[PDB]
């Protein structure tokens, strides 16, 4: 999705994280779907917190308190301190790597979901170009464009109107 049908990424879309781009005979502008975004930032913020806020911290005093005739006991403490370091280091590294993917696949899914919703709203009164953009037949007004972005698509309007543009010049 993210590097699939859509290949790049819009620097002009500063309103949100996911959104649209319309290009008709009266304009060419960007827009966002504040619904699909706000779940991502809220969820992403939740993920970052859930990782931080679930750590239990307790008061501990760490020092070197064994003399030269207690090296075995100090070695016992070294194995413990080192052992806990490797446990926390390995878990932290893999947690970030595994969760960093999940954020990227999370952003993958929401974009594909927005694309899939439009694909069924328009059925075959538009064309799948493979770049994510949809090639309209029926000619779409900004009101008609809005009916796609925020779902208000009164499909009865262009049901027959598409027929008068869809298969005509063929």
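Positions refer to the first chain, counted from 1.
Legend: mean Cα B-factor per stretch from the PDB entry, 4-12 versus 159-167; the higher mean is in 159-167.
Between 127-135 and 57-65, it is 127-135 that carries the larger average Cα temperature factor according to the deposited entry. The residue among 48, 41, 144, 114 whose C-alpha carries the highest B-factor in the deposited model is 144.
When the modelled residues of the chain are ordered by C-alpha B-factor, residue 104 sits in the lowest third. Among all modelled residues in this chain, the alpha-carbon of residue 118 has a temperature factor (C-alpha) in the middle third.
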